[PDB]
Structures are given as structure tokens and as C-alpha cells.
>>> print(open('upload_12.csv').read())   # CSV, C-alpha atoms and all ligand atoms
chain,number,residue,atom,x,y,z
A,7,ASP,CA,-14.5,5.2,-4.7
A,8,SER,CA,-15.0,1.4,-5.2
A,9,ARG,CA,-11.4,0.5,-5.8
A,10,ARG,CA,-10.3,2.9,-3.1
A,11,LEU,CA,-12.5,1.0,-0.6
A,12,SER,CA,-11.1,-2.4,-1.9
A,13,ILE,CA,-7.6,-1.1,-1.4
A,14,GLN,CA,-8.6,0.2,2.1
A,15,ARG,CA,-9.9,-3.3,3.1
A,16,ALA,CA,-6.8,-5.1,1.9
A,17,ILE,CA,-4.6,-2.6,3.7
A,18,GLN,CA,-6.5,-3.2,6.9
A,19,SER,CA,-6.0,-7.0,6.4
A,20,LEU,CA,-2.2,-6.4,5.9
A,21,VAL,CA,-1.9,-4.2,8.9
A,22,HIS,CA,-3.6,-6.8,11.1
A,23,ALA,CA,-1.6,-9.7,9.7
A,24,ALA,CA,1.7,-7.8,10.3
A,25,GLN,CA,0.9,-7.5,14.0
A,26,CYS,CA,-0.9,-10.8,14.5
A,27,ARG,CA,1.0,-13.4,16.7
A,28,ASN,CA,-1.9,-15.9,16.9
A,29,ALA,CA,-1.1,-18.9,14.7
A,30,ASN,CA,-4.7,-19.9,15.4
A,31,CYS,CA,-6.2,-16.6,14.2
A,32,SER,CA,-9.6,-17.3,12.7
A,33,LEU,CA,-9.7,-14.4,10.2
A,34,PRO,CA,-9.4,-15.8,6.7
A,35,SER,CA,-7.9,-12.5,5.4
A,36,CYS,CA,-5.2,-12.9,8.0
A,37,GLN,CA,-4.4,-16.5,7.1
A,38,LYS,CA,-4.2,-15.5,3.4
A,39,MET,CA,-2.1,-12.5,4.1
A,40,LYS,CA,0.4,-14.4,6.2
A,41,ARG,CA,0.9,-17.0,3.4
A,42,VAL,CA,1.5,-14.2,0.9
A,43,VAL,CA,4.0,-12.4,3.1
A,44,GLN,CA,5.8,-15.8,3.8
A,45,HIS,CA,6.0,-16.3,0.0
A,46,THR,CA,7.7,-12.9,-0.4
A,47,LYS,CA,10.3,-13.7,2.2
A,48,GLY,CA,11.8,-16.5,0.1
A,49,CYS,CA,10.9,-15.7,-3.5
A,50,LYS,CA,13.9,-15.6,-5.9
A,51,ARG,CA,11.9,-14.1,-8.8
A,52,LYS,CA,10.6,-11.0,-7.0
A,53,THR,CA,9.0,-8.2,-9.0
A,54,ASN,CA,11.6,-7.9,-11.7
A,55,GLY,CA,11.4,-11.6,-12.5
A,56,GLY,CA,7.6,-11.1,-13.0
A,57,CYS,CA,6.2,-12.8,-9.8
A,58,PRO,CA,2.5,-11.8,-9.5
A,59,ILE,CA,2.3,-12.7,-5.8
A,60,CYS,CA,5.2,-10.4,-4.9
A,61,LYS,CA,3.9,-7.6,-7.2
A,62,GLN,CA,0.5,-7.7,-5.7
A,63,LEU,CA,1.8,-7.7,-2.1
A,64,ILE,CA,4.3,-4.9,-2.7
A,65,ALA,CA,1.7,-2.8,-4.5
A,66,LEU,CA,-0.5,-3.1,-1.5
A,67,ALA,CA,2.3,-2.3,0.9
A,68,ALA,CA,3.1,0.8,-1.2
A,69,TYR,CA,-0.5,2.1,-1.0
A,70,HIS,CA,-0.2,1.6,2.8
A,71,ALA,CA,3.3,3.1,3.0
A,72,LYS,CA,2.1,6.3,1.2
A,73,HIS,CA,0.0,7.3,4.3
A,74,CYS,CA,1.8,5.3,7.1
A,75,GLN,CA,3.1,7.5,10.0
A,76,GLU,CA,4.7,4.7,12.1
A,77,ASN,CA,8.5,4.7,12.4
A,78,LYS,CA,8.8,1.1,13.5
A,79,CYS,CA,5.9,-0.2,11.3
A,80,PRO,CA,5.8,-4.0,11.2
A,81,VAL,CA,4.2,-4.1,7.7
A,82,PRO,CA,6.4,-6.0,5.3
A,83,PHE,CA,8.2,-3.6,2.9
A,84,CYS,CA,6.7,-0.5,4.5
A,85,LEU,CA,9.9,1.1,5.9
A,86,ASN,CA,11.8,0.3,2.7
A,87,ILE,CA,9.1,1.7,0.5
A,88,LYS,CA,8.9,4.9,2.7
A,89,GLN,CA,12.7,5.3,2.1
A,90,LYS,CA,12.2,5.0,-1.7
A,91,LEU,CA,9.3,7.5,-1.5
A,92,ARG,CA,11.4,10.0,0.5
A,93,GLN,CA,14.1,9.7,-2.1
A,94,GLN,CA,11.7,10.4,-4.9
A,95,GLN,CA,10.3,13.4,-3.0
A,96,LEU,CA,13.9,14.7,-2.5
A,97,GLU,CA,14.6,14.3,-6.2
A,98,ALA,CA,11.3,16.1,-7.1
A,99,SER,CA,12.2,18.9,-4.7
A,100,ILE,CA,15.7,19.3,-6.2
A,101,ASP,CA,14.1,19.5,-9.7
A,102,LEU,CA,11.5,22.0,-8.5
A,103,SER,CA,14.3,24.1,-6.9
A,104,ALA,CA,16.4,24.1,-10.1
A,105,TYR,CA,13.3,25.2,-12.1
A,106,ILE,CA,12.3,28.0,-9.7
A,107,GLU,CA,16.0,29.2,-9.7
A,108,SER,CA,15.9,29.4,-13.5
A,109,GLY,CA,14.0,32.7,-13.1
A,110,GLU,CA,11.0,34.7,-14.1
A,111,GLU,CA,11.7,35.1,-17.8
A,112,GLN,CA,12.0,31.3,-18.1
A,113,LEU,CA,8.8,30.6,-16.3
A,114,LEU,CA,6.9,33.2,-18.4
A,115,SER,CA,8.2,31.6,-21.6
A,116,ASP,CA,7.2,28.2,-20.5
A,117,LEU,CA,3.8,29.3,-19.3
A,118,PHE,CA,3.0,30.7,-22.8
A,119,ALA,CA,4.8,27.9,-24.7
A,201,ZN,ZN,-4.7,-12.6,12.6
A,202,ZN,ZN,7.2,-13.9,-5.5
A,203,ZN,ZN,3.6,1.2,7.6
>>> encode(input="upload_12.csv", output="C-alpha cells")
Amino acid sequence: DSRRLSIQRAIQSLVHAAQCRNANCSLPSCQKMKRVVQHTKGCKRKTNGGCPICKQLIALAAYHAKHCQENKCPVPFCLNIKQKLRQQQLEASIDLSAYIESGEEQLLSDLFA
């Protein structure tokens, strides 16, 4: 539960930052989040080049995106991560369909394998 609450707080910070138009915003979590998001906009390394700042922000956005129900969400990376998660769900569904279609005798064999 501890890490879940930590993630929850950080998601709250990201959600606020994403919709905050006050350059004079006094919330330190907002100021910090805006700097991190600005970094990700220009970074050439990104996650595959090993950038810890990008990896941390995208991981946070992914935890947000998993539960996000907003079609025009302003959170950085949210829409794009939801697209990736939808594709993964489709692939999982296609796999499951093929497995169910393989039939009773197959499933029974596997169950007792
Ligand atoms: Zn703010
Ligand atoms: Zn980066
Ligand atoms: Zn979102």
C-alpha cells in the first residue's frame, strides 16, 4: 500500500501540472513536474538511450494512463500510452481467441499438463 500511495501522490502532481497555466504556481511539486515534462519534450536520449528522467516520467504517466478515462487528457504521454495499452489488449484478446478456438481436448490436455 505504501508504494501505491506514493504513486498516487505523484500522479496527482502530474495531473495538476498538466493543467496548470500559472507560471507563478506556488506548489513545489508542480514546479518540479513542469521542469521534468519540459526536459522530456526536448530529450534526444529518451528511454531507449537510458535517460532516467524520461524513464521516471513515462513510468508515472503509464500508471496514470492505465486508469485514465479522459479522451483529450492533457497529461504528457497519456494518449500515446493508452494507444499502446489498447494495442496490447487487442493482441492479448486475439491470443485468447485463438486459444479458446483450439478446443476442449486441447484445454483439458493443458490443464493436466
Ligand atoms: Zn501548478
Ligand atoms: Zn530524457
Ligand atoms: Zn490521462
>>> residues_around(input="upload_12.csv", residues="region 61-63 of chain A", least_positions_apart="5", cutoff="8 Å", atoms="all atoms listed in the file", output="number ranges by chain")
A: 42-43, 52-53, 56
>>> residues_near_point(input="upload_12.csv", point="(2.5, -17.2, 14.7)", cutoff="12 Å", atoms="all atoms listed in the file", output="ChimeraX atom specification")
/A:23-31,36-37,40-41,44
>>> atom_distance(input="upload_12.csv", atom1="CA of residue 59 (chain A)", atom2="CA of residue 84 (chain A)")
16.6 Å
>>> residues_near_ligand(input="upload_12.csv", ligand="ligand ZN 202 (chain A)", cutoff="7 Å", atoms="only C-alpha atoms and all ligand atoms", output="compact mmCIF listing (two decimals) with C-alpha atoms, keeping the file's coordinate frame")
# COMPACT_ATOMS: atom_id res chain seq x y z
CA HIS A 45 6.00 -16.30 0.00
CA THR A 46 7.70 -12.90 -0.40
CA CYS A 49 10.90 -15.70 -3.50
CA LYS A 50 13.90 -15.60 -5.90
CA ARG A 51 11.90 -14.10 -8.80
CA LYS A 52 10.60 -11.00 -7.00
CA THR A 53 9.00 -8.20 -9.00
CA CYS A 57 6.20 -12.80 -9.80
CA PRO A 58 2.50 -11.80 -9.50
CA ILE A 59 2.30 -12.70 -5.80
CA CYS A 60 5.20 -10.40 -4.90
>>> residues_near_ligand(input="upload_12.csv", ligand="ligand ZN 203 (chain A)", cutoff="10 Å", atoms="only C-alpha atoms and all ligand atoms", output="PDB file with C-alpha atoms, in the coordinates of the input")
ATOM      1  CA  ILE A  17      -4.600  -2.600   3.700  1.00  0.00           C
ATOM      2  CA  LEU A  20      -2.200  -6.400   5.900  1.00  0.00           C
ATOM      3  CA  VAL A  21      -1.900  -4.200   8.900  1.00  0.00           C
ATOM      4  CA  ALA A  24       1.700  -7.800  10.300  1.00  0.00           C
ATOM      5  CA  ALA A  67       2.300  -2.300   0.900  1.00  0.00           C
ATOM      6  CA  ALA A  68       3.100   0.800  -1.200  1.00  0.00           C
ATOM      7  CA  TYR A  69      -0.500   2.100  -1.000  1.00  0.00           C
ATOM      8  CA  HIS A  70      -0.200   1.600   2.800  1.00  0.00           C
ATOM      9  CA  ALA A  71       3.300   3.100   3.000  1.00  0.00           C
ATOM     10  CA  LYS A  72       2.100   6.300   1.200  1.00  0.00           C
ATOM     11  CA  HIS A  73       0.000   7.300   4.300  1.00  0.00           C
ATOM     12  CA  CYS A  74       1.800   5.300   7.100  1.00  0.00           C
ATOM     13  CA  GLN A  75       3.100   7.500  10.000  1.00  0.00           C
ATOM     14  CA  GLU A  76       4.700   4.700  12.100  1.00  0.00           C
ATOM     15  CA  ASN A  77       8.500   4.700  12.400  1.00  0.00           C
ATOM     16  CA  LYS A  78       8.800   1.100  13.500  1.00  0.00           C
ATOM     17  CA  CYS A  79       5.900  -0.200  11.300  1.00  0.00           C
ATOM     18  CA  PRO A  80       5.800  -4.000  11.200  1.00  0.00           C
ATOM     19  CA  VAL A  81       4.200  -4.100   7.700  1.00  0.00           C
ATOM     20  CA  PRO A  82       6.400  -6.000   5.300  1.00  0.00           C
ATOM     21  CA  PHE A  83       8.200  -3.600   2.900  1.00  0.00           C
ATOM     22  CA  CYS A  84       6.700  -0.500   4.500  1.00  0.00           C
ATOM     23  CA  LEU A  85       9.900   1.100   5.900  1.00  0.00           C
ATOM     24  CA  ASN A  86      11.800   0.300   2.700  1.00  0.00           C
ATOM     25  CA  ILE A  87       9.100   1.700   0.500  1.00  0.00           C
ATOM     26  CA  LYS A  88       8.900   4.900   2.700  1.00  0.00           C
TER      27      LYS A  88
END
>>> atom_distance(input="upload_12.csv", atom1="CA of residue 55 (chain A)", atom2="CA of residue 90 (chain A)")
19.8 Å
>>> atom_distance(input="upload_12.csv", atom1="CA of residue 64 (chain A)", atom2="CA of residue 99 (chain A)")
25.2 Å
>>> closest_residue(input="upload_12.csv", among="A:8, A:89, A:19, A:95", to="ligand ZN 201 (chain A)", atoms="only C-alpha atoms and all ligand atoms")
A:19
>>> closest_residue(input="upload_12.csv", among="A:111, A:100, A:33, A:14", to="ligand ZN 201 (chain A)", atoms="all atoms listed in the file")
A:33
>>> decode(input="upload_12.csv", residues="region 32-61 of chain A", atoms="N, CA, C and O atoms", output="mmCIF file, in the first residue's frame")
data_model
loop_
_atom_site.group_PDB
_atom_site.id
_atom_site.type_symbol
_atom_site.label_atom_id
_atom_site.label_comp_id
_atom_site.auth_asym_id
_atom_site.auth_seq_id
_atom_site.Cartn_x
_atom_site.Cartn_y
_atom_site.Cartn_z
ATOM 1 N N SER A 32 2.645 28.202 -6.796
ATOM 2 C CA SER A 32 3.479 28.082 -5.603
ATOM 3 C C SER A 32 3.707 26.621 -5.147
ATOM 4 O O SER A 32 4.442 26.411 -4.176
ATOM 5 N N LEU A 33 3.054 25.660 -5.781
ATOM 6 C CA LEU A 33 3.213 24.251 -5.387
ATOM 7 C C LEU A 33 4.575 23.730 -5.845
ATOM 8 O O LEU A 33 4.834 23.638 -7.042
ATOM 9 N N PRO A 34 5.449 23.337 -4.897
ATOM 10 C CA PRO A 34 6.738 22.800 -5.377
ATOM 11 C C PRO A 34 6.661 21.569 -6.241
ATOM 12 O O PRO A 34 7.482 21.420 -7.163
ATOM 13 N N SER A 35 5.693 20.689 -5.994
ATOM 14 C CA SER A 35 5.523 19.501 -6.826
ATOM 15 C C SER A 35 5.181 19.867 -8.268
ATOM 16 O O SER A 35 5.544 19.166 -9.185
ATOM 17 N N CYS A 36 4.487 20.992 -8.442
ATOM 18 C CA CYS A 36 4.090 21.453 -9.773
ATOM 19 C C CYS A 36 5.301 22.011 -10.502
ATOM 20 O O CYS A 36 5.560 21.674 -11.663
ATOM 21 N N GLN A 37 6.077 22.817 -9.800
ATOM 22 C CA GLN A 37 7.274 23.425 -10.374
ATOM 23 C C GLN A 37 8.215 22.319 -10.831
ATOM 24 O O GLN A 37 8.733 22.350 -11.966
ATOM 25 N N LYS A 38 8.377 21.302 -9.987
ATOM 26 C CA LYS A 38 9.262 20.182 -10.295
ATOM 27 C C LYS A 38 8.746 19.404 -11.490
ATOM 28 O O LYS A 38 9.495 19.073 -12.444
ATOM 29 N N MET A 39 7.446 19.143 -11.511
ATOM 30 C CA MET A 39 6.872 18.352 -12.589
ATOM 31 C C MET A 39 6.985 19.069 -13.936
ATOM 32 O O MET A 39 7.306 18.451 -14.960
ATOM 33 N N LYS A 40 6.764 20.376 -13.921
ATOM 34 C CA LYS A 40 6.861 21.159 -15.165
ATOM 35 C C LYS A 40 8.249 21.104 -15.749
ATOM 36 O O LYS A 40 8.388 20.995 -16.989
ATOM 37 N N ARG A 41 9.267 21.147 -14.884
ATOM 38 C CA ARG A 41 10.662 21.049 -15.355
ATOM 39 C C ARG A 41 10.921 19.691 -15.950
ATOM 40 O O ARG A 41 11.596 19.601 -16.990
ATOM 41 N N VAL A 42 10.399 18.636 -15.326
ATOM 42 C CA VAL A 42 10.638 17.287 -15.845
ATOM 43 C C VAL A 42 9.946 17.101 -17.184
ATOM 44 O O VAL A 42 10.534 16.548 -18.136
ATOM 45 N N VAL A 43 8.706 17.570 -17.285
ATOM 46 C CA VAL A 43 7.962 17.469 -18.553
ATOM 47 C C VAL A 43 8.689 18.257 -19.659
ATOM 48 O O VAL A 43 8.833 17.769 -20.799
ATOM 49 N N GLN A 44 9.184 19.453 -19.342
ATOM 50 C CA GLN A 44 9.941 20.240 -20.308
ATOM 51 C C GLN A 44 11.188 19.503 -20.774
ATOM 52 O O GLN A 44 11.509 19.515 -21.967
ATOM 53 N N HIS A 45 11.884 18.838 -19.857
ATOM 54 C CA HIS A 45 13.023 18.019 -20.255
ATOM 55 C C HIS A 45 12.632 16.976 -21.310
ATOM 56 O O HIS A 45 13.335 16.816 -22.320
ATOM 57 N N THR A 46 11.530 16.276 -21.054
ATOM 58 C CA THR A 46 11.122 15.169 -21.950
ATOM 59 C C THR A 46 10.773 15.666 -23.355
ATOM 60 O O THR A 46 10.907 14.916 -24.329
ATOM 61 N N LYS A 47 10.328 16.915 -23.464
ATOM 62 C CA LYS A 47 9.950 17.482 -24.751
ATOM 63 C C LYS A 47 11.134 17.574 -25.688
ATOM 64 O O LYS A 47 10.979 17.447 -26.911
ATOM 65 N N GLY A 48 12.321 17.814 -25.134
ATOM 66 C CA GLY A 48 13.499 18.011 -25.952
ATOM 67 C C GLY A 48 14.557 16.921 -25.923
ATOM 68 O O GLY A 48 15.520 16.989 -26.700
ATOM 69 N N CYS A 49 14.398 15.926 -25.047
ATOM 70 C CA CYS A 49 15.480 14.968 -24.840
ATOM 71 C C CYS A 49 15.726 14.069 -26.062
ATOM 72 O O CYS A 49 14.799 13.478 -26.608
ATOM 73 N N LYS A 50 16.985 13.934 -26.438
ATOM 74 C CA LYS A 50 17.346 13.127 -27.595
ATOM 75 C C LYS A 50 17.599 11.680 -27.189
ATOM 76 O O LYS A 50 17.460 10.786 -28.011
ATOM 77 N N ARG A 51 17.930 11.465 -25.913
ATOM 78 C CA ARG A 51 18.280 10.131 -25.419
ATOM 79 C C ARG A 51 17.032 9.272 -25.267
ATOM 80 O O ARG A 51 16.979 8.127 -25.725
ATOM 81 N N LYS A 52 16.022 9.856 -24.632
ATOM 82 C CA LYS A 52 14.745 9.203 -24.331
ATOM 83 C C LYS A 52 14.934 7.915 -23.549
ATOM 84 O O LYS A 52 15.969 7.738 -22.913
ATOM 85 N N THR A 53 13.927 7.057 -23.505
ATOM 86 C CA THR A 53 14.086 5.886 -22.657
ATOM 87 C C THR A 53 15.082 4.873 -23.207
ATOM 88 O O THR A 53 15.867 4.286 -22.453
ATOM 89 N N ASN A 54 15.091 4.662 -24.516
ATOM 90 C CA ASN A 54 15.973 3.630 -25.069
ATOM 91 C C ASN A 54 17.447 3.998 -24.996
ATOM 92 O O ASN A 54 18.312 3.107 -25.056
ATOM 93 N N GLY A 55 17.745 5.295 -24.916
ATOM 94 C CA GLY A 55 19.125 5.739 -24.736
ATOM 95 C C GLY A 55 19.510 5.785 -23.276
ATOM 96 O O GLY A 55 20.625 6.163 -22.951
ATOM 97 N N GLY A 56 18.587 5.370 -22.399
ATOM 98 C CA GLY A 56 18.882 5.227 -20.968
ATOM 99 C C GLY A 56 18.640 6.421 -20.062
ATOM 100 O O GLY A 56 19.178 6.455 -18.963
ATOM 101 N N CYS A 57 17.836 7.396 -20.491
ATOM 102 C CA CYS A 57 17.643 8.621 -19.694
ATOM 103 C C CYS A 57 16.755 8.350 -18.454
ATOM 104 O O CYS A 57 15.591 7.964 -18.616
ATOM 105 N N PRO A 58 17.296 8.570 -17.239
ATOM 106 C CA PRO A 58 16.457 8.255 -16.070
ATOM 107 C C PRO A 58 15.307 9.229 -15.882
ATOM 108 O O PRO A 58 14.282 8.878 -15.277
ATOM 109 N N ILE A 59 15.471 10.469 -16.345
ATOM 110 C CA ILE A 59 14.419 11.485 -16.163
ATOM 111 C C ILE A 59 13.231 11.075 -17.033
ATOM 112 O O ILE A 59 12.086 11.033 -16.568
ATOM 113 N N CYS A 60 13.499 10.758 -18.295
ATOM 114 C CA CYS A 60 12.408 10.343 -19.178
ATOM 115 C C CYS A 60 11.748 9.049 -18.688
ATOM 116 O O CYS A 60 10.509 8.906 -18.761
ATOM 117 N N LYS A 61 12.568 8.087 -18.267
ATOM 118 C CA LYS A 61 12.027 6.799 -17.823
ATOM 119 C C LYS A 61 11.086 6.994 -16.631
ATOM 120 O O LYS A 61 9.972 6.463 -16.609
#
